[PDB]
>>> print(open('structure-v2.txt').read())   # compact mmCIF, N, CA and C atoms
# COMPACT_ATOMS: atom_id res chain seq x y z
N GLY A 10 0.81 -1.20 0.00
CA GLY A 10 0.00 0.00 0.00
C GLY A 10 0.84 1.26 0.00
N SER A 11 0.18 2.41 0.03
CA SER A 11 0.81 3.73 0.06
C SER A 11 1.77 3.96 -1.10
N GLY A 12 1.75 3.12 -2.12
CA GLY A 12 2.64 3.30 -3.25
C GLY A 12 4.12 3.16 -2.97
N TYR A 13 4.52 2.48 -1.91
CA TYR A 13 5.95 2.34 -1.66
C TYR A 13 6.56 1.37 -2.66
N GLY A 14 7.88 1.43 -2.78
CA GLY A 14 8.59 0.55 -3.69
C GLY A 14 8.53 0.96 -5.15
N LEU A 15 8.89 0.01 -6.01
CA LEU A 15 8.93 0.22 -7.46
C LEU A 15 7.91 -0.58 -8.27
N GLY A 16 6.63 -0.50 -7.91
CA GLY A 16 5.61 -1.22 -8.65
C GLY A 16 5.40 -0.68 -10.05
N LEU A 17 4.84 -1.52 -10.92
CA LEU A 17 4.60 -1.13 -12.31
C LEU A 17 3.58 0.00 -12.39
N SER A 18 3.54 0.68 -13.54
CA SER A 18 2.57 1.76 -13.70
C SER A 18 2.06 1.93 -15.12
N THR A 19 0.80 2.34 -15.21
CA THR A 19 0.05 2.53 -16.45
C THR A 19 0.39 3.85 -17.14
N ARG A 20 0.33 3.83 -18.47
CA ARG A 20 0.60 5.03 -19.27
C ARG A 20 -0.38 6.17 -18.98
N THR A 21 -1.60 5.86 -18.53
CA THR A 21 -2.53 6.90 -18.11
C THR A 21 -2.03 7.63 -16.87
N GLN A 22 -1.40 6.91 -15.95
CA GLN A 22 -0.82 7.52 -14.76
C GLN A 22 0.40 8.37 -15.08
N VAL A 23 1.20 7.99 -16.07
CA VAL A 23 2.40 8.77 -16.38
C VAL A 23 2.02 10.18 -16.83
N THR A 24 1.07 10.32 -17.75
CA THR A 24 0.69 11.68 -18.15
C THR A 24 -0.03 12.39 -17.02
N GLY A 25 -0.76 11.65 -16.19
CA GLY A 25 -1.45 12.25 -15.05
C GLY A 25 -0.51 12.97 -14.11
N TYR A 26 0.56 12.30 -13.70
CA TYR A 26 1.59 12.91 -12.86
C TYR A 26 2.23 14.10 -13.55
N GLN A 27 2.62 13.92 -14.80
CA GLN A 27 3.30 14.95 -15.57
C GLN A 27 2.45 16.21 -15.73
N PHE A 28 1.13 16.09 -15.73
CA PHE A 28 0.26 17.26 -15.76
C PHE A 28 0.27 18.00 -14.42
N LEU A 29 0.16 17.30 -13.30
CA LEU A 29 0.20 17.99 -12.02
C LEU A 29 1.54 18.70 -11.82
N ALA A 30 2.63 18.14 -12.32
CA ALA A 30 3.93 18.81 -12.20
C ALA A 30 3.99 20.11 -13.01
N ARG A 31 3.53 20.10 -14.26
CA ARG A 31 3.53 21.32 -15.08
C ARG A 31 2.70 22.43 -14.43
N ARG A 32 1.51 22.09 -13.95
CA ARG A 32 0.66 23.06 -13.27
C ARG A 32 1.33 23.65 -12.03
N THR A 33 2.01 22.83 -11.22
CA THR A 33 2.70 23.35 -10.04
C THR A 33 3.93 24.17 -10.40
N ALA A 34 4.67 23.78 -11.43
CA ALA A 34 5.82 24.57 -11.85
C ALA A 34 5.39 25.97 -12.29
N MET A 35 4.25 26.07 -12.95
CA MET A 35 3.70 27.36 -13.35
C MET A 35 3.33 28.21 -12.14
N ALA A 36 2.78 27.60 -11.10
CA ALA A 36 2.41 28.33 -9.89
C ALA A 36 3.60 29.01 -9.22
N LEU A 37 4.75 28.36 -9.21
CA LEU A 37 5.92 28.97 -8.59
C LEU A 37 6.40 30.22 -9.33
N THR A 38 6.30 30.25 -10.66
CA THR A 38 6.77 31.42 -11.41
C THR A 38 5.71 32.45 -11.78
N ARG A 39 4.48 32.07 -12.13
CA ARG A 39 3.44 33.03 -12.51
C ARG A 39 2.38 33.28 -11.43
N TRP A 40 2.42 32.56 -10.32
CA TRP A 40 1.46 32.73 -9.22
C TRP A 40 -0.01 32.61 -9.62
N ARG A 41 -0.32 31.89 -10.69
CA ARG A 41 -1.71 31.70 -11.08
C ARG A 41 -1.76 30.38 -11.83
N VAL A 42 -2.95 29.82 -11.97
CA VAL A 42 -3.06 28.52 -12.63
C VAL A 42 -4.13 28.44 -13.72
N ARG A 43 -4.67 29.58 -14.13
CA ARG A 43 -5.68 29.58 -15.19
C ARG A 43 -5.13 28.95 -16.48
N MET A 44 -3.87 29.25 -16.80
CA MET A 44 -3.14 28.74 -17.97
C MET A 44 -3.91 28.79 -19.30
N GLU A 45 -4.25 30.01 -19.72
CA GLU A 45 -4.99 30.21 -20.97
C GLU A 45 -4.20 29.67 -22.15
N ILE A 46 -2.88 29.80 -22.08
CA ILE A 46 -1.92 29.30 -23.05
C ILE A 46 -0.82 28.70 -22.18
N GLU A 47 -0.22 27.61 -22.63
CA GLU A 47 0.80 26.96 -21.81
C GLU A 47 2.22 27.18 -22.31
N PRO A 48 2.85 28.28 -21.91
CA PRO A 48 4.20 28.60 -22.37
C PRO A 48 5.27 27.63 -21.88
N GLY A 49 5.03 26.90 -20.80
CA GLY A 49 6.01 25.94 -20.32
C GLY A 49 6.44 24.92 -21.36
N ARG A 50 5.48 24.27 -22.02
CA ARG A 50 5.82 23.30 -23.06
C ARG A 50 6.41 23.95 -24.30
N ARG A 51 5.81 25.02 -24.78
CA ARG A 51 6.30 25.68 -25.98
C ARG A 51 7.78 26.03 -25.85
N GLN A 52 8.19 26.54 -24.70
CA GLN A 52 9.60 26.87 -24.50
C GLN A 52 10.47 25.62 -24.44
N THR A 53 9.93 24.51 -23.95
CA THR A 53 10.71 23.27 -23.86
C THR A 53 10.91 22.62 -25.22
N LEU A 54 9.87 22.54 -26.05
CA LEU A 54 10.01 21.98 -27.39
C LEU A 54 11.05 22.72 -28.23
N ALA A 55 11.20 24.02 -28.04
CA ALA A 55 12.21 24.76 -28.80
C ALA A 55 13.63 24.29 -28.48
N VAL A 56 13.88 23.84 -27.26
CA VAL A 56 15.18 23.29 -26.90
C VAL A 56 15.37 21.92 -27.54
N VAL A 57 14.35 21.07 -27.44
CA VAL A 57 14.37 19.73 -28.04
C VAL A 57 14.58 19.82 -29.55
N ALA A 58 14.00 20.83 -30.20
CA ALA A 58 14.22 21.03 -31.63
C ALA A 58 15.66 21.43 -31.93
N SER A 59 16.28 22.24 -31.07
CA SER A 59 17.67 22.65 -31.28
C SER A 59 18.62 21.47 -31.12
N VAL A 60 18.42 20.65 -30.10
CA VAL A 60 19.26 19.48 -29.87
C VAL A 60 19.15 18.51 -31.04
N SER A 61 17.93 18.28 -31.53
CA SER A 61 17.69 17.40 -32.67
C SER A 61 18.35 17.93 -33.94
N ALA A 62 18.25 19.22 -34.21
CA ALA A 62 18.89 19.79 -35.39
C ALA A 62 20.40 19.62 -35.35
N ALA A 63 21.00 19.75 -34.17
CA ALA A 63 22.45 19.57 -34.04
C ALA A 63 22.88 18.15 -34.36
N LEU A 64 22.14 17.15 -33.88
CA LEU A 64 22.44 15.74 -34.16
C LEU A 64 22.28 15.40 -35.64
N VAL A 65 21.31 16.00 -36.32
CA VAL A 65 21.12 15.76 -37.75
C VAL A 65 22.34 16.20 -38.55
N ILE A 66 22.94 17.34 -38.20
CA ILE A 66 24.15 17.78 -38.91
C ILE A 66 25.30 16.81 -38.67
N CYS A 67 25.39 16.20 -37.49
CA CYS A 67 26.43 15.21 -37.23
C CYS A 67 26.27 13.98 -38.12
N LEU A 68 25.05 13.50 -38.31
CA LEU A 68 24.83 12.36 -39.21
C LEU A 68 25.24 12.74 -40.62
N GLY A 69 24.89 13.94 -41.05
CA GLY A 69 25.31 14.40 -42.37
C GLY A 69 26.83 14.39 -42.49
N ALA A 70 27.51 14.94 -41.49
CA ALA A 70 28.97 14.95 -41.51
C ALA A 70 29.53 13.53 -41.44
N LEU A 71 28.95 12.68 -40.60
CA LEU A 71 29.43 11.30 -40.48
C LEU A 71 29.26 10.56 -41.80
N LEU A 72 28.14 10.77 -42.47
CA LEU A 72 27.87 10.14 -43.76
C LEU A 72 28.86 10.63 -44.81
N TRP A 73 29.19 11.91 -44.79
CA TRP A 73 30.17 12.46 -45.71
C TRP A 73 31.53 11.79 -45.53
N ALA B 454 26.81 -1.50 -2.51
CA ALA B 454 25.76 -0.67 -3.10
C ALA B 454 24.42 -1.40 -3.10
N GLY B 455 24.45 -2.72 -3.27
CA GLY B 455 23.24 -3.52 -3.22
C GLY B 455 22.57 -3.51 -1.86
N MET B 456 23.35 -3.71 -0.80
CA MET B 456 22.78 -3.70 0.55
C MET B 456 22.14 -2.36 0.87
N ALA B 457 22.75 -1.27 0.43
CA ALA B 457 22.17 0.04 0.67
C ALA B 457 20.79 0.15 0.02
N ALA B 458 20.70 -0.21 -1.26
CA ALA B 458 19.44 -0.13 -2.00
C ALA B 458 18.37 -1.04 -1.41
N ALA B 459 18.74 -2.26 -1.04
CA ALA B 459 17.80 -3.21 -0.45
C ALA B 459 17.14 -2.68 0.81
N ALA B 460 17.86 -1.91 1.60
CA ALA B 460 17.35 -1.32 2.83
C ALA B 460 16.52 -0.05 2.64
N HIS B 461 16.84 0.79 1.66
CA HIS B 461 16.15 2.06 1.43
C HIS B 461 14.98 2.02 0.44
N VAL B 462 15.04 1.23 -0.62
CA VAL B 462 13.95 1.23 -1.61
C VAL B 462 12.59 0.85 -1.04
N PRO B 463 12.46 -0.12 -0.14
CA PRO B 463 11.13 -0.47 0.38
C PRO B 463 10.41 0.59 1.20
N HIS B 464 11.04 1.67 1.68
CA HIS B 464 10.32 2.66 2.49
C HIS B 464 10.21 4.06 1.87
N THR B 465 10.56 4.25 0.60
CA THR B 465 10.46 5.54 -0.08
C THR B 465 9.35 5.52 -1.13
N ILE B 466 9.04 6.70 -1.67
CA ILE B 466 8.00 6.88 -2.69
C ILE B 466 8.63 7.37 -3.99
N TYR B 467 8.16 6.84 -5.11
CA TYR B 467 8.63 7.22 -6.44
C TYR B 467 7.48 7.52 -7.38
N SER B 468 7.62 8.60 -8.13
CA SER B 468 6.59 9.02 -9.07
C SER B 468 6.53 8.12 -10.30
N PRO B 469 5.35 7.92 -10.86
CA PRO B 469 5.16 7.06 -12.02
C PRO B 469 6.18 7.19 -13.14
N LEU B 470 6.67 8.39 -13.39
CA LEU B 470 7.65 8.58 -14.46
C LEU B 470 8.96 7.85 -14.19
N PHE B 471 9.36 7.70 -12.94
CA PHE B 471 10.57 6.92 -12.67
C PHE B 471 10.31 5.42 -12.67
N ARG B 472 9.17 4.98 -12.13
CA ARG B 472 8.83 3.55 -12.13
C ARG B 472 8.74 3.03 -13.56
N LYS B 473 8.12 3.79 -14.44
CA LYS B 473 8.06 3.44 -15.85
C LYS B 473 9.47 3.40 -16.46
N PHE B 474 10.37 4.27 -16.00
CA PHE B 474 11.74 4.27 -16.50
C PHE B 474 12.55 3.04 -16.06
N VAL B 475 12.42 2.59 -14.81
CA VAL B 475 13.17 1.39 -14.40
C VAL B 475 12.68 0.15 -15.13
N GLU B 476 11.43 0.13 -15.56
CA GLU B 476 10.90 -1.00 -16.30
C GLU B 476 11.60 -1.16 -17.64
N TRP B 477 11.70 -0.09 -18.41
CA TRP B 477 12.34 -0.13 -19.73
C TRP B 477 13.83 -0.47 -19.69
N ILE B 478 14.49 -0.41 -18.54
CA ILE B 478 15.90 -0.81 -18.51
C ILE B 478 16.03 -2.28 -18.88
N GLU B 479 15.08 -3.11 -18.47
CA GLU B 479 15.14 -4.53 -18.79
C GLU B 479 15.08 -4.79 -20.29
N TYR B 480 14.14 -4.16 -20.99
CA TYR B 480 14.01 -4.39 -22.44
C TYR B 480 15.22 -3.87 -23.20
N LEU B 481 15.78 -2.74 -22.77
CA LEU B 481 16.99 -2.21 -23.38
C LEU B 481 18.18 -3.14 -23.18
N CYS B 482 18.16 -3.93 -22.11
CA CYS B 482 19.21 -4.92 -21.88
C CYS B 482 19.02 -6.18 -22.72
N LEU B 483 17.79 -6.67 -22.89
CA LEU B 483 17.60 -7.87 -23.70
C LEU B 483 17.95 -7.66 -25.17
N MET B 484 17.53 -6.55 -25.75
CA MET B 484 17.69 -6.33 -27.18
C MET B 484 19.11 -6.50 -27.73
N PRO B 485 20.16 -5.94 -27.11
CA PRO B 485 21.52 -6.10 -27.65
C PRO B 485 22.16 -7.49 -27.53
N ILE B 486 21.61 -8.43 -26.77
CA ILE B 486 22.28 -9.73 -26.58
C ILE B 486 22.54 -10.45 -27.90
N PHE B 487 21.50 -10.68 -28.71
CA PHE B 487 21.71 -11.39 -29.98
C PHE B 487 22.62 -10.68 -30.97
N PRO B 488 22.47 -9.40 -31.26
CA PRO B 488 23.38 -8.75 -32.19
C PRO B 488 24.83 -8.83 -31.74
N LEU B 489 25.08 -8.78 -30.43
CA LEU B 489 26.43 -8.89 -29.87
C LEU B 489 26.95 -10.32 -29.89
N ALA B 490 26.13 -11.31 -29.56
CA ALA B 490 26.62 -12.68 -29.60
C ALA B 490 27.08 -13.07 -31.00
N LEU B 491 26.34 -12.70 -32.04
CA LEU B 491 26.77 -13.04 -33.39
C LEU B 491 28.06 -12.32 -33.77
N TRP B 492 28.29 -11.13 -33.24
CA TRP B 492 29.52 -10.40 -33.54
C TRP B 492 30.71 -11.15 -32.94
N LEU B 493 30.55 -11.63 -31.72
CA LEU B 493 31.58 -12.38 -31.02
C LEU B 493 31.87 -13.69 -31.72
N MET B 494 30.87 -14.30 -32.34
CA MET B 494 31.05 -15.53 -33.11
C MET B 494 31.64 -15.27 -34.49
N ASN B 495 31.99 -14.02 -34.83
CA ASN B 495 32.57 -13.64 -36.12
C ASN B 495 31.66 -13.86 -37.34
N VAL B 496 30.36 -14.04 -37.14
CA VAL B 496 29.42 -14.31 -38.23
C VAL B 496 29.39 -13.20 -39.28
N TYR B 497 29.29 -11.94 -38.86
CA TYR B 497 29.24 -10.84 -39.83
C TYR B 497 30.48 -10.76 -40.71
N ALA B 498 31.66 -11.02 -40.16
CA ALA B 498 32.87 -11.02 -40.98
C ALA B 498 32.93 -12.24 -41.89
N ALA B 499 32.54 -13.40 -41.39
CA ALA B 499 32.56 -14.62 -42.20
C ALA B 499 31.70 -14.51 -43.46
N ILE B 500 30.48 -14.01 -43.33
CA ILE B 500 29.60 -13.84 -44.49
C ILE B 500 30.09 -12.74 -45.43
N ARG B 501 30.49 -11.59 -44.91
CA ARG B 501 30.95 -10.53 -45.80
C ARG B 501 32.19 -10.94 -46.58
N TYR B 502 32.92 -11.95 -46.12
CA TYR B 502 34.08 -12.51 -46.81
C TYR B 502 33.82 -13.97 -47.15
N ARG B 503 32.59 -14.27 -47.53
CA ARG B 503 32.17 -15.60 -47.92
C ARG B 503 33.17 -16.22 -48.88
>>> encode(input="structure-v2.txt", output="structure tokens")
Amino acid sequence: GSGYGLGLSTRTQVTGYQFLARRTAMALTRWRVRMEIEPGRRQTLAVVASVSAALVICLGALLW
Amino acid sequence: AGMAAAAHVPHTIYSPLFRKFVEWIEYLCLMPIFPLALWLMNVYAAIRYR
């Protein structure tokens, strides 16, 4: 009980937790939770896009 | 390191994102066994130089 240990978990629960975390992270910086638009994710995807673009150039160079 | 983990893991709490992550470590470990065993047996070199 009480969720102790390392028991298995459902994909519905993974996104569930990840949503409560995003909402709380927003509360610490914007002090509100209405979230009409969610800038937290938009700013994160821009980093993931930059990292991915850098790796693509390496494959091009490696192939050359 | 094993004795430490055996004593601490049963009384702590972990969020679903980490529990899901420890699960996938097993599948990532099974997948490379066959491609590596054939490399050790020199199969890829033997065929390419049939």
>>> interface_residues(input="structure-v2.txt", of="chain B", to="chain A", cutoff="5 Å", atoms="all atoms listed in the file", output="mmCIF file with N, CA and C atoms, in the coordinates of the input")
data_model
loop_
_atom_site.group_PDB
_atom_site.id
_atom_site.type_symbol
_atom_site.label_atom_id
_atom_site.label_comp_id
_atom_site.auth_asym_id
_atom_site.auth_seq_id
_atom_site.Cartn_x
_atom_site.Cartn_y
_atom_site.Cartn_z
ATOM 1 N N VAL B 462 15.040 1.230 -0.620
ATOM 2 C CA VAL B 462 13.950 1.230 -1.610
ATOM 3 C C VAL B 462 12.590 0.850 -1.040
ATOM 4 N N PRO B 463 12.460 -0.120 -0.140
ATOM 5 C CA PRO B 463 11.130 -0.470 0.380
ATOM 6 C C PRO B 463 10.410 0.590 1.200
ATOM 7 N N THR B 465 10.560 4.250 0.600
ATOM 8 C CA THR B 465 10.460 5.540 -0.080
ATOM 9 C C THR B 465 9.350 5.520 -1.130
#
>>> select_by_dssp(input="structure-v2.txt", residues="segment 456-494 of chain B", states="alpha helix (DSSP H)", output="PyMOL selection string")
chain B and resi 456-461+469-483+486-493
>>> write_last_selection(input="structure-v2.txt", atoms="N, CA and C atoms", output="CSV table (one decimal), keeping the file's coordinate frame")
chain,number,residue,atom,x,y,z
B,456,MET,N,23.4,-3.7,-0.8
B,456,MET,CA,22.8,-3.7,0.6
B,456,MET,C,22.1,-2.4,0.9
B,457,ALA,N,22.8,-1.3,0.4
B,457,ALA,CA,22.2,0.0,0.7
B,457,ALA,C,20.8,0.2,0.0
B,458,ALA,N,20.7,-0.2,-1.3
B,458,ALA,CA,19.4,-0.1,-2.0
B,458,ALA,C,18.4,-1.0,-1.4
B,459,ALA,N,18.7,-2.3,-1.0
B,459,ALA,CA,17.8,-3.2,-0.4
B,459,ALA,C,17.1,-2.7,0.8
B,460,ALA,N,17.9,-1.9,1.6
B,460,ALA,CA,17.4,-1.3,2.8
B,460,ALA,C,16.5,0.0,2.6
B,461,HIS,N,16.8,0.8,1.7
B,461,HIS,CA,16.2,2.1,1.4
B,461,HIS,C,15.0,2.0,0.4
B,469,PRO,N,5.4,7.9,-10.9
B,469,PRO,CA,5.2,7.1,-12.0
B,469,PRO,C,6.2,7.2,-13.1
B,470,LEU,N,6.7,8.4,-13.4
B,470,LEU,CA,7.6,8.6,-14.5
B,470,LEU,C,9.0,7.8,-14.2
B,471,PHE,N,9.4,7.7,-12.9
B,471,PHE,CA,10.6,6.9,-12.7
B,471,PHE,C,10.3,5.4,-12.7
B,472,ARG,N,9.2,5.0,-12.1
B,472,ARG,CA,8.8,3.6,-12.1
B,472,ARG,C,8.7,3.0,-13.6
B,473,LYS,N,8.1,3.8,-14.4
B,473,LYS,CA,8.1,3.4,-15.8
B,473,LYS,C,9.5,3.4,-16.5
B,474,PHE,N,10.4,4.3,-16.0
B,474,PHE,CA,11.7,4.3,-16.5
B,474,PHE,C,12.6,3.0,-16.1
B,475,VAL,N,12.4,2.6,-14.8
B,475,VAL,CA,13.2,1.4,-14.4
B,475,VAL,C,12.7,0.2,-15.1
B,476,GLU,N,11.4,0.1,-15.6
B,476,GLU,CA,10.9,-1.0,-16.3
B,476,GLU,C,11.6,-1.2,-17.6
B,477,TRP,N,11.7,-0.1,-18.4
B,477,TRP,CA,12.3,-0.1,-19.7
B,477,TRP,C,13.8,-0.5,-19.7
B,478,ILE,N,14.5,-0.4,-18.5
B,478,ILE,CA,15.9,-0.8,-18.5
B,478,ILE,C,16.0,-2.3,-18.9
B,479,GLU,N,15.1,-3.1,-18.5
B,479,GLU,CA,15.1,-4.5,-18.8
B,479,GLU,C,15.1,-4.8,-20.3
B,480,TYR,N,14.1,-4.2,-21.0
B,480,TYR,CA,14.0,-4.4,-22.4
B,480,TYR,C,15.2,-3.9,-23.2
B,481,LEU,N,15.8,-2.7,-22.8
B,481,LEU,CA,17.0,-2.2,-23.4
B,481,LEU,C,18.2,-3.1,-23.2
B,482,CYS,N,18.2,-3.9,-22.1
B,482,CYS,CA,19.2,-4.9,-21.9
B,482,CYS,C,19.0,-6.2,-22.7
B,483,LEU,N,17.8,-6.7,-22.9
B,483,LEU,CA,17.6,-7.9,-23.7
B,483,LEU,C,18.0,-7.7,-25.2
B,486,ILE,N,21.6,-8.4,-26.8
B,486,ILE,CA,22.3,-9.7,-26.6
B,486,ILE,C,22.5,-10.4,-27.9
B,487,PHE,N,21.5,-10.7,-28.7
B,487,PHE,CA,21.7,-11.4,-30.0
B,487,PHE,C,22.6,-10.7,-31.0
B,488,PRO,N,22.5,-9.4,-31.3
B,488,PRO,CA,23.4,-8.8,-32.2
B,488,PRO,C,24.8,-8.8,-31.7
B,489,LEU,N,25.1,-8.8,-30.4
B,489,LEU,CA,26.4,-8.9,-29.9
B,489,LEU,C,27.0,-10.3,-29.9
B,490,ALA,N,26.1,-11.3,-29.6
B,490,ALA,CA,26.6,-12.7,-29.6
B,490,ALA,C,27.1,-13.1,-31.0
B,491,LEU,N,26.3,-12.7,-32.0
B,491,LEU,CA,26.8,-13.0,-33.4
B,491,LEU,C,28.1,-12.3,-33.8
B,492,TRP,N,28.3,-11.1,-33.2
B,492,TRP,CA,29.5,-10.4,-33.5
B,492,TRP,C,30.7,-11.2,-32.9
B,493,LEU,N,30.6,-11.6,-31.7
B,493,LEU,CA,31.6,-12.4,-31.0
B,493,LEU,C,31.9,-13.7,-31.7
>>> atom_distance(input="structure-v2.txt", atom1="atom CA of residue 487 of chain B", atom2="atom CA of residue 499 of chain B")
16.7 Å
>>> atom_distance(input="structure-v2.txt", atom1="atom N of residue 44 of chain A", atom2="atom C of residue 56 of chain A")
23.2 Å
>>> atom_distance(input="structure-v2.txt", atom1="atom CA of residue 454 of chain B", atom2="atom N of residue 468 of chain B")
21.0 Å
>>> decode(input="structure-v2.txt", residues="segment 29-45 of chain A", atoms="C-alpha atoms", output="mmCIF file, in the first residue's frame")
data_model
loop_
_atom_site.group_PDB
_atom_site.id
_atom_site.type_symbol
_atom_site.label_atom_id
_atom_site.label_comp_id
_atom_site.auth_asym_id
_atom_site.auth_seq_id
_atom_site.Cartn_x
_atom_site.Cartn_y
_atom_site.Cartn_z
ATOM 1 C CA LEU A 29 0.205 17.992 -12.017
ATOM 2 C CA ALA A 30 3.930 18.812 -12.204
ATOM 3 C CA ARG A 31 3.532 21.321 -15.075
ATOM 4 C CA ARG A 32 0.657 23.058 -13.269
ATOM 5 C CA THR A 33 2.702 23.348 -10.039
ATOM 6 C CA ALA A 34 5.823 24.574 -11.848
ATOM 7 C CA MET A 35 3.697 27.357 -13.348
ATOM 8 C CA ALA A 36 2.406 28.332 -9.886
ATOM 9 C CA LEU A 37 5.923 28.973 -8.589
ATOM 10 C CA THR A 38 6.772 31.418 -11.410
ATOM 11 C CA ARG A 39 3.441 33.030 -12.505
ATOM 12 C CA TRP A 40 1.464 32.726 -9.219
ATOM 13 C CA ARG A 41 -1.706 31.702 -11.084
ATOM 14 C CA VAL A 42 -3.060 28.517 -12.629
ATOM 15 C CA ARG A 43 -5.677 29.578 -15.189
ATOM 16 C CA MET A 44 -3.136 28.743 -17.970
ATOM 17 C CA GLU A 45 -4.990 30.207 -20.968
#
